[PDB]
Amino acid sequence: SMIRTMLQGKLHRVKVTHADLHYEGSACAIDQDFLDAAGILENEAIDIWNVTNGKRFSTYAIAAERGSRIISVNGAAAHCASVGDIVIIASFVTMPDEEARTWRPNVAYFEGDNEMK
């Protein structure tokens, strides 16, 4: 009956590839392959921690083309990240305490040209 909020998964230190300098559009668009590795769903709430500038903000994920390696921060969120910035993108899920106690988040690590693992 008591329900925990747990890290579901994250993209650890991916690089922002696009940020609408016009603040058009919405959401953070993410290569479907990266969503798959982190267990993140289209339209799922996400938290973004910008390691480069310290900004922390929340939005939702949408899928970019598989293999594009895109991390695109659009809309209002382009006020909080720029091309080249290193970010951690996380989703959180809820579950009962017993499940939470053995829960393992899905983590994808990145380097270079948004190369996963």
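Numbers for residues come from their place in the sequence shown, where the first is 1.
J.: With respect to the recorded C-alpha B factors, which stretch has the higher mean value, 19-27 or 105-113?
T.: Per the deposited B-factors, the answer is 19-27.
J.: Mean CA B-factor: is it higher for 73-81 or for 29-37?
T.: Between 73-81 and 29-37, it is 73-81.
J.: Ranked by Cα temperature factor within the chain, is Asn50 in the lowest third, the middle third or the highest third?
T.: CA B-factor rank for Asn50: middle third.
J.: For the chain shown, is the CA B-factor of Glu65 in the lowest, middle or highest third of its modelled residues?
T.: Highest third of the chain for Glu65's C-alpha B-factor.
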